[PDB]
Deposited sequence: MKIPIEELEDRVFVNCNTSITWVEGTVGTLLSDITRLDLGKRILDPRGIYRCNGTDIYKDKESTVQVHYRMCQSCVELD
């Protein structure tokens, strides 16, 4: 399926049932307990490729400075 991307408040998260594989792009911060990868503030245009274990999602934000 497609990996859910959460846009909560001003942050972007990749939500996997299990571990979150980083493939390329924005590294982000792993929030192990809630099994989500915090790609950070959307205004910082997060862009990368991630894989949940299978599906893969390429995230591309272009917010034009806020």
Given the full deposited sequence, which segments carry no C-alpha coordinates? 54-61, 75-79
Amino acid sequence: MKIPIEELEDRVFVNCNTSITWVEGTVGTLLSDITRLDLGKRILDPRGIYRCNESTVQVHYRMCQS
From here on, numbers count along this sequence of modelled residues.
When the C-alpha temperature factors are averaged for each of 39-47 and 10-18, which stretch ends up with the higher value in the entry? 10-18
Among the modelled residues of this chain, does the Cα B factor of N53 put it in the lowest, middle or highest third? highest
